[PDB]
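Asker: Structure incoming, see below.
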Amino acid sequence: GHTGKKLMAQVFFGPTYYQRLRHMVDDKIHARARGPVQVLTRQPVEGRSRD
Amino acid sequence: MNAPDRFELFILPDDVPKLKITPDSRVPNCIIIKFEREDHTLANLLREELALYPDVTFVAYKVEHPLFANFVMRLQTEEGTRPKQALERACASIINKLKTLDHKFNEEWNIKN
Amino acid sequence: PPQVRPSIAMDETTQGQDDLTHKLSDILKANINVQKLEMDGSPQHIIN
RNA sequence: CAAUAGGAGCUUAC
């Protein structure tokens, strides 16, 4: 695509049935600088949803 | 949520130049050009045009990262010639070739009717 | 101290004590029941 | 300027 030159090797090419799995990066990316702590231990809470 | 805008490929900011020239001091009479907001379309055209001149000794380009829309080009020339003038010469030559190509395509299309 | 056994909030107005607190309350009940036997009749099968 | 706990279940990557 960059140069239009033929590729020296031939490429296995055709349609294939692919699936969209439920694991998205935007449902997993999490960062925490400072946030809520636990009442008992005063340590960072557990959970992406809980920060 | 981290995806940049699809129009930053082509819209030039006001604080970002289109073109920036720095010299390569290691070898004589060589310059490094960074083209912002361009891609392989201009780069390959210019590279293969410049590579066929007698006075051009080195010419190359790369796109260091596909997620950023720029390329950098190294161009060296002989003692008398300046790489900048050769760059304008190549640009003008491709422009003239495209004009001739357009004229011939239009005449051919009219004749085909 | 209550730090070791803090209470918590379930739906914005309700609180249950920690296990240690209820255990201490049960111990206190047991203690007072002990103090209700050496003060009156206790036919030796309630003291034990 | 303050967003509960405990459990069970289903999953992710080794």
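Neighbour counts run over all protein chains shown; Cβ positions are idealised from the backbone, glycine included. Values quoted throughout were computed directly from the atomic coordinates according to the rules given, and no laboratory measurement underlies them.
Rundown of residues vs (1) at positive phi; (2) in contact with a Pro (Cβ under 7 Å, 6 or more places away or on another chain); (3) among the polar types (S, T, N, Q), yes/no style:
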position	(1), (2), (3)
C:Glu12	yes, no, no
C:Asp26	no, no, no
C:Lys36	no, no, no
C:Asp40	no, no, no
C:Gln44	yes, no, yes
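Asker: Pull up the stretch B:20-63, narrow it to residues that are of a type in the set (S, T, N, Q) and in a loop (DSSP other than H, G, I, E, B), then point me to the one that is nearest to the chain's Cα centre (by Cα).
Answerer: B:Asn29
Asker: Among the residues of the stretch C:1-19, are any away from RNA strand D (no atom under 16 Å from the Cβ), closer than 20 Å to A:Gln38 by Cβ and within 14 Å of chain A (Cβ to nearest Cβ)?
Answerer: Scanning the stretch C:1-19 turns up at least one residue that is away from RNA strand D (no atom under 16 Å from the Cβ), closer than 20 Å to A:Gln38 by Cβ and within 14 Å of chain A (Cβ to nearest Cβ).
Asker: Something else: Among (1) more than 14 Å from every other protein chain (Cβ to nearest Cβ); (2) surrounded by 13 or more Cβ atoms within 10 Å (Cβ to Cβ); (3) closer than 30 Å to A:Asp26 by Cα, there is one condition B:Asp39 misses while meeting the rest; what is its number?
Answerer: Only one criterion is unmet by B:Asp39, namely (1).
Asker: Give the number of residues within the stretch A:36-51 that are on the phi > 0 side of the Ramachandran plot and loosely packed, with under 11 Cβ neighbours inside 10 Å.
Answerer: Counting residues in the stretch A:36-51 that are on the phi > 0 side of the Ramachandran plot and loosely packed, with under 11 Cβ neighbours inside 10 Å gives 2.
Asker: Tell me, please, whether a residue that is of a type in the set (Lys, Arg) and within 30 Å of B:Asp39 (Cβ to Cβ) can be found in the stretch A:15-36.
Answerer: The answer is yes; a qualifying residue exists.
Asker: Restricting attention to the stretch C:1-18, which residues are part of a loop (DSSP other than H, G, I, E, B) and of a type in the set (A, V, I, L, M, F, W, C)? Outline the logic, then answer.
Answerer: Start the filter on the stretch C:1-18 by keeping residues that are part of a loop (DSSP other than H, G, I, E, B), which leaves C:1, C:5-7, C:10-14, C:17-18.
Across the stretch C:1-18, the qualifying residue is only C:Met10.
Asker: Do you know which residues across the stretch B:64-84 are over 18 Å from B:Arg26 (Cβ atoms) and under 12 Å from the mean Cα position of the chain (by Cα)?
Answerer: In the first step, residues of the stretch B:64-84 are kept if they are over 18 Å from B:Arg26 (Cβ atoms); the result is B:64-71, B:80-81, B:84.
Once the filter is applied, which keeps residues that are over 18 Å from B:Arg26 (Cβ atoms) and under 12 Å from the mean Cα position of the chain (by Cα), the stretch B:64-84 yields B:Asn70, B:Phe71, B:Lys84.
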